[PDB]
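Just so you know, ligand 1 is whichever comes first in the structure, and atom 1 is the first atom listed for that ligand. Residue numbering restarts at 1 for every chain, and letters A, B, ... go by the order of the sequence lines. Just so you know, these numbers use all the heavy atoms, side chains as well, and skip hydrogens, waters and symmetry mates.
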Protein chains: 2
Amino acid sequence: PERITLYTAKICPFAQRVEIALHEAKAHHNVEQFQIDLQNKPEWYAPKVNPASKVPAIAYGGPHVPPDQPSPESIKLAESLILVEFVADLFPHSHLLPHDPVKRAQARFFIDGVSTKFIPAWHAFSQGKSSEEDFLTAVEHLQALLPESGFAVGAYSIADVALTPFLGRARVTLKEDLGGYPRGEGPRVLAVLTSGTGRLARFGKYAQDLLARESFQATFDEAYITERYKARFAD
Amino acid sequence: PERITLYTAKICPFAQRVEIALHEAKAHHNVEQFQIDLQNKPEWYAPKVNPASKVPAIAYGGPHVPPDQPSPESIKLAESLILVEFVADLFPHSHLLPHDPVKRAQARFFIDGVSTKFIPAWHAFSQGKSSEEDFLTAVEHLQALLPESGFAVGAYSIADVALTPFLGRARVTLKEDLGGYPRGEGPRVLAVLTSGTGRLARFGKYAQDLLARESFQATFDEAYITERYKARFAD
Ligand SMILES: N[C@@H](CCC(=O)N[C@@H](CS)C(=O)NCC(=O)O)C(=O)O
Ligand SMILES: N[C@@H](CCC(=O)N[C@@H](CS)C(=O)NCC(=O)O)C(=O)O
Ligand SMILES: Oc1cc(O)cc(/C=C/c2ccc(O)cc2O)c1
Ligand SMILES: Oc1cc(O)cc(/C=C/c2ccc(O)cc2O)c1
């Protein structure tokens with residue numbers, strides 16, 4: 001494939017989707033990463049890379065240039081789920097996209113549940129807006145799609161890429177009591193989510209497997225995330 | 001491919017996406033359609049086909065059975081955008097999915113704008129919730145992605161499938177003054193959208209081309225839609 005520059009940020013789970021995808025394709029050492037400071041974005045980022053002014057975004061092809069001077073001739077691409085499929089399409093030996101048309105649809109349907117159920121329910125609960133039960137129910141939607149063993153469609157896929165960055169950050173929030181509830185309530189909900197027992201037993205096992213995946217650990221600065229999350233809660 | 005039963009409804013633009021996709025693949029005469037009455041859904045639909053109780057949904061493979069007695073052995077698939085990619089994946093000579101990985105990402109990015117900008121802005125404006133300007137701005141987002149000529153990525157694609165059912169219904173709403181504004185305001189906004197002149201000139205030409213597409217006209221019961229839309233407004 002042509003040259004890839006990835007504009008990302010350690011804090012952002014949507015960006016980590018693309019870092020995981022690249023690592024699964026064993027291409028993480030072929031791509032140039034540029035870290036965007038989301039509190040002080042470069043003035044050239046929105047006009048020259050991504051008018052939405054968000055990470056992730058990729059610059060594809062074109063000449064060799066410094067990443068803070070992206071070329072007009074590279075193709076600019078945004079939206080994390082689209083970029084994960086692009087990486088899958090460019091590096092087929094990653095095996096991120098299943099060959100079988102039914103398994104592809106089932107992987108993408110799982111992603112739809114991550115998008116429309118897990119993430120909004122996690123955001124609402126972690127922000128103190130909604131109930132614990134609203135979050136757990138959304139998790140049960142995903143659990144019910146899981147096969148008896150393995151990842152979301154058996155073999156690891158784009159489905160697992162989409163979810164994992166949000167799971168790993170939810171763990172930090174809950175482990176550290178940053179979820180807006182009294183001390184100890186965070187850790188109890190974490191245990192429900194990941195113990196492997198109880199109402200979310202099957203999801204718990206799956207969660208253990210997602211967080212053990214090499215690509216996740218390699219793209220996840222737990223110390224940095226935990227520090228940012230404590231500071232944010234402190235306000 | 002194996003046998004396809006499509007559970008659909010004439011009124012539903014999300015379902016029409018899948019009918020268009022099948023017709024572009026020139027497979028509309030190979031699939032069994034079953035019309036779901038959304039005001040009186042069959043008691044077996046949610047438990048046996050789609051627990052979300054929405055159209056579209058596909059039953060794939062399994063034995064030959066009456067469509068009101070779907071088999072446990074067929075694979076049940078839902079979500080219109082996923083089903084459009086499934087149809088593309090099953091009938092490659094449809095040319096719905098571009099070969100080139102960049103063009104695929106650009107087609108899917110256009111779909112993201114249809115999903116996150118056009119449809120919500122159309123819903124809010126047609127329901128009397130928001131301003132005309134909020135709707136037109138969202139249309140301009142899509143316009144800015146269009147190439148100098150052709151469809152969303154040049155050759156017709158899944159991008160055009162995603163948008164067209166909503167455009168054709170918006171036309172009926174606006175042509176017939178069903179948008180919650182005084183007589184004549186609907187038709188004026190239609191002219192902005194589709195005249196080919198003015199602030200939305202390029203989109204207007206594109207809109208003419210989408211509504212002339214054979215697959216759209218063949219899957220669009222304009223008389224039925226117009227009758228349902230007048231009755232709904234009458235309440
Ligand atoms: N829908 C986008 C969302 C990405 C997104 O929200 N990124 C955040 C950080 S995690 C961002 O860059 N925010 C910057 C801003 O809103 O100014 C995707 O999936 O790529
Ligand atoms: N996200 C779904 C939405 C489909 C949808 O909303 N279908 C409507 C009709 S246009 C439906 O079946 N509604 C039935 C109900 O909500 O009870 C998709 O794209 O497939
Ligand atoms: O410093 C900044 C600036 C900014 O604009 C966004 C962010 C973080 C966004 C984010 C984090 C977690 C998540 O689940 C979803 C998110 O969008 C951090
Ligand atoms: O009789 C029924 C029952 C029901 O549950 C939904 C519908 C229509 C839904 C619909 C139409 C247009 C659109 O832009 C979006 C929509 O979801 C009609």
Considering only non-hydrogen protein atoms, determine which one is nearest to [atom] and report residue, atom name and distance to 0.1 Å.
| atom | result |
| --- | --- |
| atom 15 (C) of ligand 1 | A:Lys41 NZ, 3.4 Å |
| atom 12 (O) of ligand 1 | A:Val55 N, 3.0 Å |
| atom 5 (O) of ligand 4 | B:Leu38 CB, 4.4 Å |
| atom 10 (S) of ligand 1 | A:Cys12 SG, 2.2 Å |
| atom 11 (C) of ligand 4 | B:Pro13 CD, 3.8 Å |

Answer with yes or no whether [X] contacts ligand 4, where contact means a heavy atom under 4.0 Å from a ligand atom.
| X | value |
| --- | --- |
| B:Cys12 | no |
| B:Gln39 | yes |
| B:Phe14 | yes |

Are any of the N/O atoms in B:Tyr229 less than 3.5 Å from those in ligand 4?
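No, B:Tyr229 has no N/O under 3.5 Å of an N/O on ligand 4.
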Quick check on contacts: which atoms of ligand 4 are under 4.0 angstrom from a heavy atom of B:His123?
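So the atoms of ligand 4 that pass are 13 (C), 14 (O), 15 (C).
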Looking at atom 9 (C) of ligand 4, is any protein heavy atom nearer than 4.0 Å to it?
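No; the ligand atom in question lacks any protein heavy-atom contact below 4.0 Å.
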One residue to check: B:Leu38. Relative to ligand 2, which of side chain, backbone, both or neither has a non-hydrogen atom less than 4.0 Å away?
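It is the side chain that gets close, since no backbone atom is under 4.0 Å.
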Specify side chain, backbone, both or neither for A:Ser53, according to which of its non-hydrogen atoms lie closer than 4.0 Å to ligand 1.
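Answer for A:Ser53: backbone.
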Is there a donor-acceptor contact under 3.5 Å linking the side chains of [X] and [Y]?
| X | Y | result |
| --- | --- | --- |
| B:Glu24 | B:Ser215 | yes |
| A:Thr5 | A:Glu32 | yes |
| A:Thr219 | A:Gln16 | yes |

